[PDB]
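Letter by letter, the chains look like this.
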Amino acid sequence: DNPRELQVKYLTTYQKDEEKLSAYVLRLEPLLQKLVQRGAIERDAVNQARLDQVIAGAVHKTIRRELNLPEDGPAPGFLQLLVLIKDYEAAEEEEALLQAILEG
């Protein structure tokens, strides 16, 4: 309920085994915006905070590279990050289709 408790819950929210990364980011977003409301995070840090937790919580332990995002660079906005993830998930689906076919 209080800001620290909200922070702990956000930081310990992790991507589920069979959850799409895009669904994961969508699930995180309300929690992040609530943290902004309660003063636990400043507006100007939101994008970085978002990216950080995606990186921390993702099943893919090197997702920052898969999305071609470099450290130190500026954090993408919400919609930009979602589009990067959509493109990534499309490519992953292509790889899965190929594996299923070759397995014929």
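Before any of the text, the structure's been laid out above.
Residues numbered from 1 in each chain as written, not as in the entry; some residues may be left out. Heavy atoms only, no water. Residues with missing side-chain atoms left out of burial classes, pairs and counts.

1. Considerations on the packing of helix α2 (residues 21–37) against helix α5 (residues 78–102)
Here is step 1 of the chain: Where α2 contacts α5, the axes come no closer than 9 Å and their chain directions differ by 160 degrees. Classed by the angle they form, the pair α2 and α5 counts as roughly antiparallel. Contacts between α2 and α5 involve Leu21, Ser22, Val25, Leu26 and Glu29 from the first element and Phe78, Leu81, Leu82, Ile85, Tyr88 and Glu89 from the second.
Here is step 2 of the chain: Here the residues of the contact of α2 with α5 sort into eight nonpolar, one polar and two charged. (Axes fitted to C-alpha atoms, helices over the stretch in contact; angles between N-to-C directions. Helix = DSSP H or I, 4+ residues; strand = E, 2+ residues; numbered from the N terminus. Parallel < 35°, antiparallel > 145°, perpendicular 65-115°, else oblique. Contact = heavy atoms within 4.5 Å. Nonpolar A, V, L, I, M, F, W, Y, C, P; charged D, E, K, R; others polar.)

2. Looking at the layout of surface pockets
Here is step 1 of the chain: In this structure, the largest pocket spans a volume of roughly 240 Å³.
Here is step 2 of the chain: In terms of lining residues, the largest pocket is bounded by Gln15, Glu19, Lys20, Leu21, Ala58, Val59, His60, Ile63, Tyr88, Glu89, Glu92 and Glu93.
Here is step 3 of the chain: Here the lining of the largest pocket gets four residues from one element, more than from any other, and that element is α5.
Here is step 4 of the chain: Class assignment for the residues of the lining of the largest pocket results in five nonpolar, two polar and five charged. (1 Å grid on protein atoms, 1.4 Å probe; cavity = no way out; pocket = protein on both sides within 12 Å on 5 of 7 lines; lining within 4 Å. Points joined across faces, edges and corners; volume = space filled by probe spheres on them.)

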